[PDB]
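Some notes on the structure that comes next.
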Amino acid sequence: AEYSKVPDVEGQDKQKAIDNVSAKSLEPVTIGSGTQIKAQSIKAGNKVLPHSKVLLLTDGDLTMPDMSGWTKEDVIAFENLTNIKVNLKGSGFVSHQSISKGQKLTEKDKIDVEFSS
Amino acid sequence: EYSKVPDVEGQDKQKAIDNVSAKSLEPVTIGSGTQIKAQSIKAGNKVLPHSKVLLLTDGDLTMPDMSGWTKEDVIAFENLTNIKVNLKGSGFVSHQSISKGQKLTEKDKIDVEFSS
């Protein structure tokens with residue numbers, strides 16, 4: 001397998017989903033303070049580059065991840081997964097986010113991220 | 001109702017266009033060549049019907065018409081061409097700093113702005 005095939009982890013408890021994504025040589029990133037996975041950012045069965053991120057939305061409250069070092073593709077994945085609009089400033093890797101990691105998000109929220117080399 | 005992206009890398013440009021359209025997807029070609037060099041989505045992946053598959057041709061890189069594109073489409077263009085795009089706003093593309101058809105080189109930079 002040159003590409004990693006993304007596993008189906010929707011409906012799994014949070015830690016099981018983390019373990020299952022990591023076992024496919026992918027990087028799981030969880031979003032929210034819940035205990036089960038509600039949605040994943042890449043469709044199960046699709047193939048992606050190894051060690052790329054798979055965003056996992058938990059049930060319960062949506063909370064802000066640490067986007068440090070993310071790519072534009074990672075951030076837009078967050079936008080599409082959560083329906084929270086993000087402004088991307090510049091190019092490169094995320095060097096700043098307007099909402100600190102851990103904060104509960106209300107969908108009335110908006111996010112500004114800055115990229116740098 | 002997902003569609004499976006076909007493998008059109010290396011195909012004749014028109015054949016690739018026809019093959020992507022036959023999967024209910026929107027092919028968008030980038031460049032003025034006659035053979036496909038790269039596609040923006042991995043062949044075999046399931047995507048929403050009528051979503052765009054960007055197709056880089058050989059020959060010269062040239063600017064597509066991005067009007068109405070989503071941010072995801074524009075980021076796909078940046079990754080496919082290695083031309084940095086600055087994305088201003090959210091929604092659908094309403095302006096691009098380089099007119100459609102113009103030859104591009106990787107020392108070009110593109111500003112794109114969005115609206116609802």
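Atoms considered below: every heavy atom in the structure, side chains included; atoms not considered: hydrogens, waters and symmetry mates. All chains are named by letter (A, B, ...) in the order of the sequence lines, taking the proteins before the strands, and each is independently numbered beginning at 1.
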Is there side-chain contact between [X] and [Y], with heavy atoms separated by less than 4.5 Å?
X: B:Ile110; Y: B:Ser97; result: yes
X: B:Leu48; Y: B:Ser3; result: no
X: B:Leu54; Y: B:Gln39; result: no
X: A:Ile31; Y: A:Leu105; result: no
X: B:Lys13; Y: B:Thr29; result: yes
X: A:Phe93; Y: A:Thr71; result: yes
X: A:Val75; Y: A:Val94; result: yes
X: B:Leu61; Y: B:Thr105; result: no

Next item on the list: Applying side-chain hydrogen bond (donor to acceptor under 3.5 Å, both in side chains), run through B:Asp12 and B:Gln35 and close with a yes or a no.
Entry: CA-CA 5 Å; B:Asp12 170 85; B:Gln35 185 169 19; over 6 Å; no

Over all atoms of both residues, closest heavy-atom pair of [X] and [Y]:
X: B:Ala16; Y: B:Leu55; value: CB-CD1, 4.1 Å
X: A:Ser33; Y: A:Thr58; value: N-OG1, 3.5 Å
X: B:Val112; Y: B:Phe114; value: CG1-CE1, 4.0 Å
X: A:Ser91; Y: B:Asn86; value: OG-OD1, 3.5 Å
X: A:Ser4; Y: A:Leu26; value: CB-CD2, 3.6 Å

Next item on the list: Look at atom CD of A:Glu73 and say whether more than 12 heavy atoms of other residues, nucleotides or ligands are closer to it than 6.0 Å.
Entry: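 Atom CD in A:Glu73 is not crowded, with 12 or fewer foreign heavy atoms closer than 6.0 Å.
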
Next item on the list: Answer yes or no: are there more than 12 heavy-atom neighbours, outside B:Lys15 itself, under 6.0 Å from its atom NZ?
Entry: no

Quick one: [atom1] on [X] to [atom2] on [Y], what's the gap to the nearest 0.5 Å?
X: A:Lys43; Y: A:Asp8; atom1: NZ; atom2: CG; answer: 9.0 Å
X: A:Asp109; Y: A:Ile84; atom1: CG; atom2: CD1; answer: 6.0 Å
X: B:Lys52; Y: B:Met66; atom1: NZ; atom2: CE; answer: 11.5 Å
X: B:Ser51; Y: B:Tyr2; atom1: OG; atom2: OH; answer: 10.0 Å
X: B:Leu87; Y: A:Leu88; atom1: CG; atom2: CG; answer: 5.5 Å
X: B:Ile75; Y: B:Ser40; atom1: CD1; atom2: OG; answer: 12.0 Å

Checking [X] side chain against [Y] main chain: does a donor-acceptor pair fall under 3.5 Å?
X: B:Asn79; Y: B:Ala76; answer: no
X: B:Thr62; Y: B:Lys103; answer: no
X: A:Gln97; Y: A:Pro65; answer: yes
X: A:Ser95; Y: A:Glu114; answer: yes
X: A:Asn46; Y: B:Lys46; answer: yes
X: B:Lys4; Y: B:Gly44; answer: yes

If we count only N and O atoms by modelled type, under 3.5 Å, do the side chains of [X] and [Y] hold a donor and an acceptor together?
X: A:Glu107; Y: A:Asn83; result: no
X: A:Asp66; Y: A:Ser68; result: yes
X: A:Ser22; Y: A:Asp19; result: no

Note to self: Whether A:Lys72 and B:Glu78 form a salt bridge (side-chain N of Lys/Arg under 4.0 Å from carboxylate O of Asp/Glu) is what I want to check.
What the structure shows: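 A:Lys72 and B:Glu78: salt-bridged.
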
Note to self: What I want to find out is whether A:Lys38 reaches A:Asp59 closely enough, with some N-O distance under 4.0 Å, to be called a salt bridge.
What the structure shows: no

Report whether [X] and [Y] are members of the same hydrophobic cluster (ILVMFWY, side-chain heavy atoms less than 4.5 Å apart, transitive linking).
X: B:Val5; Y: A:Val48; answer: no
X: B:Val20; Y: B:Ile36; answer: yes
X: B:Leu80; Y: B:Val53; answer: no
X: B:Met63; Y: B:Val28; answer: yes

